[PDB]
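*Asks:* Just dropping this structure here.
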Amino acid sequence: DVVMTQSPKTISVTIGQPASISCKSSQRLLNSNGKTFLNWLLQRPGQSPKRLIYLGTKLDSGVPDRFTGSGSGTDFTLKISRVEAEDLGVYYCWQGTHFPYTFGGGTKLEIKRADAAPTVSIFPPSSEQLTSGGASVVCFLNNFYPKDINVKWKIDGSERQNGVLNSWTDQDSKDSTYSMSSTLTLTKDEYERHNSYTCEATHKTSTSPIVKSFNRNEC
Amino acid sequence: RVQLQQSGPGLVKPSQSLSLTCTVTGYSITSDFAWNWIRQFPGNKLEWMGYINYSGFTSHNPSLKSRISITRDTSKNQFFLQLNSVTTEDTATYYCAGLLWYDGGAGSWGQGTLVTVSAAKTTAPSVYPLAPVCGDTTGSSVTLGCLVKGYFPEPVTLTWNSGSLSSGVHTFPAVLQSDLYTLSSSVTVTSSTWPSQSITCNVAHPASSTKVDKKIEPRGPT
């Protein structure tokens with residue numbers, strides 16, 4: 001099968017600057033009628049892949065003319081003349097010349113923006129959940145940049161590692177930021193045993209973590 | 001133009017078959033296109049599975065080693081996927097996609113349907129309100145949330161105020177543990193609007209035919 005190799009794996013670009021990504025095929029993609037079945041697609045977060053370029057060099061239907069495909073034989077290039085925030089996502093190449101049809105592994109375009117500290121919010125277990133026997137404490141770390149962040153939980157001032165599950169959003173095209181949710185899940189009995197709960201966020205925007213806490217049974 | 005939409009069971013037991021339908025609108029399936037099935041695994045990995053074209057001719061990936069059937073029903077303007085002998089490795093998002101036969105142009109994909117291959121049981125979620133602590137309500141914005149815990153399989157849908165509150169929302173990918181998922185969502189609003197303007201998380205879990213509409217009540221007197 002034809003191997004489609006994309007590079008780079010990831011690219012971070014400031015809004016208004018160009019972007020260029022490469023796709024190299026292991027076999028020539030020209031066919032016996034002069035057509036090159038090489039397409040480029042973009043998959044935005046939460047969506048299906050969508051058309052961009054086809055026939056190697058041709059703008060597909062409805063696609064903004066900021067996207068250009070070039071190349072031939074085995075080496076192809078996609079250029080974005082000036083990046084916009086809604087261009088973020090994963091770009092794929094695809095070949096239709098050699099059965100079975102194959103896709104490249106994707107290039108993720110990230111938008112570079114100024115650093116932003118997270119907005120941190122902590123939430124006690126709901127009374128409804130506490131009637132259940134379980135107890136989840138949730139912390140949101142929202143709208144920060146860049147994407148690396150750390151969260152630490154403390155129960156009565158002591159660090160707690162068991163029972164934490166984290167989830168991270170994809171980059172938001174509205175403001176080019178990232179967000180993260182951290183949930184500490186305890187039994188109801190152990191939650192009711194302890195008094196104060198703390199989420200600490202550490203982010204390159206500050207040396208000092210952002211600390212949010214509450215006391216159980218205080219509003 | 002042409003629009004495609006996948007449908008079919010979201011949860012399949014190992015060793016049985018997945019069966020999906022793609023319904024095409026805006027174009028006849030007997031003209032111009034190849035009608036493809038493509039699936040996506042974690043890590044940006046897309047796999048072409050096969051097509052049926054406008055004249056009923058088919059082709060499929062050798063990777064699927066006699067397990068796949070692609071068919072159509074022209075009276076319904078639909079085409080279909082059957083994949084037998086499934087295993088957990090067939091868990092994926094499945095897309096239908098038409099590309100023109102002549103040149104690979106006008107690619108049009110459906111929204112995708114997740115198919116989970118698992119023997120685990122369908123379970124409806126509990127939806128819990130995340131009301132802010134009092135100390136966190138005195139600034140100019142306030143953040144609220146909802147925790148959707150203990151469901152299987154994916155997906156759920158979650159909106160705020162029936163979709164009328166869309167700005168300032170973050171809905172996080174669900175996390176799987178012990179064959180049950182948990183998802184959270186946050187919403188941030190101007191603090192002086194709350195609690196005067198109520199906020200409700202609307203959760204639907206189609207696999208269990210369950211809906212929950214949870215109004216977020218403040219801590220303190222309500």
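Identifiers in the structure tokens: chain A, B, ... in order shown; residue index from 1 per chain; ligand index from 1 in order shown.
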Out of chain A, which residues get strand (DSSP E or B) from DSSP, as a PyMOL selection string?
*Replies:* chain A and resi 4-7+10-14+19-25+30+36+38-43+49-54+58-59+67-72+75-80+89-95+102-103+107-112+116+119-123+134-145+149-155+158-160+164-168+178-187+196-203+210-215
*Asks:* Hey, which bits of chain B sit within 8 Å of chain A, and for each residue what's the closest pair of atoms and how far apart in Å (one decimal), counting only C-alpha atoms, rows by chain and increasing number, as JSON lines?
*Replies:*
```
{"residue": "B:44", "atom": "CA", "partner": "A:106", "partner_atom": "CA", "distance": 6.1}
{"residue": "B:45", "atom": "CA", "partner": "A:105", "partner_atom": "CA", "distance": 6.2}
{"residue": "B:46", "atom": "CA", "partner": "A:103", "partner_atom": "CA", "distance": 6.3}
{"residue": "B:47", "atom": "CA", "partner": "A:102", "partner_atom": "CA", "distance": 6.8}
{"residue": "B:48", "atom": "CA", "partner": "A:101", "partner_atom": "CA", "distance": 6.2}
{"residue": "B:60", "atom": "CA", "partner": "A:100", "partner_atom": "CA", "distance": 7.6}
{"residue": "B:61", "atom": "CA", "partner": "A:100", "partner_atom": "CA", "distance": 5.6}
{"residue": "B:62", "atom": "CA", "partner": "A:100", "partner_atom": "CA", "distance": 7.4}
{"residue": "B:95", "atom": "CA", "partner": "A:48", "partner_atom": "CA", "distance": 7.9}
{"residue": "B:103", "atom": "CA", "partner": "A:55", "partner_atom": "CA", "distance": 6.6}
{"residue": "B:104", "atom": "CA", "partner": "A:37", "partner_atom": "CA", "distance": 6.5}
{"residue": "B:105", "atom": "CA", "partner": "A:54", "partner_atom": "CA", "distance": 6.0}
{"residue": "B:106", "atom": "CA", "partner": "A:61", "partner_atom": "CA", "distance": 5.8}
{"residue": "B:107", "atom": "CA", "partner": "A:51", "partner_atom": "CA", "distance": 5.6}
{"residue": "B:108", "atom": "CA", "partner": "A:50", "partner_atom": "CA", "distance": 7.0}
{"residue": "B:109", "atom": "CA", "partner": "A:48", "partner_atom": "CA", "distance": 6.6}
{"residue": "B:110", "atom": "CA", "partner": "A:48", "partner_atom": "CA", "distance": 7.2}
{"residue": "B:111", "atom": "CA", "partner": "A:48", "partner_atom": "CA", "distance": 5.9}
{"residue": "B:112", "atom": "CA", "partner": "A:48", "partner_atom": "CA", "distance": 6.7}
{"residue": "B:128", "atom": "CA", "partner": "A:126", "partner_atom": "CA", "distance": 6.2}
{"residue": "B:129", "atom": "CA", "partner": "A:126", "partner_atom": "CA", "distance": 6.2}
{"residue": "B:130", "atom": "CA", "partner": "A:123", "partner_atom": "CA", "distance": 5.9}
{"residue": "B:131", "atom": "CA", "partner": "A:123", "partner_atom": "CA", "distance": 6.5}
{"residue": "B:132", "atom": "CA", "partner": "A:123", "partner_atom": "CA", "distance": 5.8}
{"residue": "B:133", "atom": "CA", "partner": "A:219", "partner_atom": "CA", "distance": 5.8}
{"residue": "B:134", "atom": "CA", "partner": "A:219", "partner_atom": "CA", "distance": 5.3}
{"residue": "B:135", "atom": "CA", "partner": "A:219", "partner_atom": "CA", "distance": 7.8}
{"residue": "B:136", "atom": "CA", "partner": "A:121", "partner_atom": "CA", "distance": 7.7}
{"residue": "B:143", "atom": "CA", "partner": "A:121", "partner_atom": "CA", "distance": 7.0}
{"residue": "B:170", "atom": "CA", "partner": "A:179", "partner_atom": "CA", "distance": 7.5}
{"residue": "B:171", "atom": "CA", "partner": "A:169", "partner_atom": "CA", "distance": 7.7}
{"residue": "B:172", "atom": "CA", "partner": "A:169", "partner_atom": "CA", "distance": 5.8}
{"residue": "B:173", "atom": "CA", "partner": "A:167", "partner_atom": "CA", "distance": 6.0}
{"residue": "B:174", "atom": "CA", "partner": "A:167", "partner_atom": "CA", "distance": 7.2}
{"residue": "B:175", "atom": "CA", "partner": "A:167", "partner_atom": "CA", "distance": 7.0}
{"residue": "B:184", "atom": "CA", "partner": "A:181", "partner_atom": "CA", "distance": 7.3}
{"residue": "B:186", "atom": "CA", "partner": "A:140", "partner_atom": "CA", "distance": 7.4}
{"residue": "B:219", "atom": "CA", "partner": "A:219", "partner_atom": "CA", "distance": 5.8}
{"residue": "B:220", "atom": "CA", "partner": "A:219", "partner_atom": "CA", "distance": 6.1}
```
*Asks:* Just want the 6 Å neighbourhood of residue 169 of chain B, counted on only C-alpha atoms, with same-chain residues fewer than 2 positions away dropped. Output as number ranges by chain.
*Replies:* B: 166-167, 186-187
*Asks:* Would you please work out which residue, of A:57, A:20, A:207, A:32, is nearest to residue 7 of chain A when using only C-alpha atoms?
*Replies:*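 Counting only C-alpha atoms, the residue closest to residue 7 of chain A is A:20.
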*Asks:* Which residues come within 12 Å of residue 126 of chain B, counting only C-alpha atoms, excluding same-chain residues fewer than 6 positions away, as an MDAnalysis selection string?
*Replies:* (chainID A and resid 126 128:132 134) or (chainID B and resid 146:152 156 180:184 203:205 208 210:214)
